[PDB]
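**Q** sequence unknown, structure follows:
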Ligand SMILES: Nc1ncnc2c1ncn2[C@@H]1O[C@H](COP(=O)(O)OP(=O)(O)O)[C@@H](O)[C@H]1O
């Protein structure tokens, strides 16, 4: 990818994922490794929404219960 | 000189209140401004 985004021109080829079963980099679109955009788009926007609300935490007052 | 003594002294109760009270506005100080941080209770 670091390279592909050099003319991203030649024959641009991201979509290069991991093929752990064999242990090599392959084109996942070809190989058949598909995932809906809607996931990784919410999976991301969300996970940070957490990290930030926590990044702001600097004092944790824990009241005594009953 | 030699005049009025004030036998009584809960002078300390005041300074005691102030200190046990100022300690409150302490825990808060950190959350003032665009650099203020939130508390988690
Ligand atoms: N742009 C800024 N630069 C410097 N001070 C600011 C800026 N914007 C608001 N502040 C300061 O943030 C201070 C504290 O705000 P906050 O921490 O929300 O407590 P409160 O607003 O309840 O006093 C405000 O008194 C204001 O002076």
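**A** Everything's here; your move. Numbering: from 1, shown residues only, chains lettered A, B, ... in the order given.
**Q** So in the chain, which helix runs the longest?
**A** In the absence of a named chain, this looks at chain A. Counting residues, the longest helix found in chain A (DSSP state H) is helix A:37-55.
**Q** Chain B, not that one
**A** Chain B, longest helix under DSSP H: helix B:11-22.
**Q** if we can go back for a sec, what residues does the longest helix of chain A touch?
**A** Applying C-beta atoms under 8 Å, 6 or more residues apart in numbering or on different chains, the external contacts of helix A:37-55 come out as residue B:38. For the C-beta atoms, the positions are set from N, CA and C on the backbone; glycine is no exception.
**Q** How much space separates residue B:31 from residue B:39?
**A** In this view, residue B:31 and residue B:39 are 7 Å apart by C-beta to C-beta, to the nearest Å.
**Q** residues from chain B in reach of the ligand?
**A** Contacts of chain B with the ligand, taken as C-beta under 6 Å from any ligand atom, map to B:31, B:32, B:33, B:34, B:36.
**Q** Tell me who's in contact with residue A:59.
**A** Neighbouring residues of residue A:59 by C-beta under 8 Å, 6+ apart: B:27, B:30, B:37, B:39, B:40.
**Q** okay, the residues you listed in CSV with neighbour count and secondary structure next?
**A** CSV is the format used below for the contacts of residue A:59 (neighbours: other C-beta atoms under 10 Å in any protein chain shown; DSSP: H, G, I helix; E, B strand; the rest coil):
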residue, neighbour count, secondary structure
B:27, 11, helix
B:30, 14, coil
B:37, 13, coil
B:39, 15, strand
B:40, 12, strand
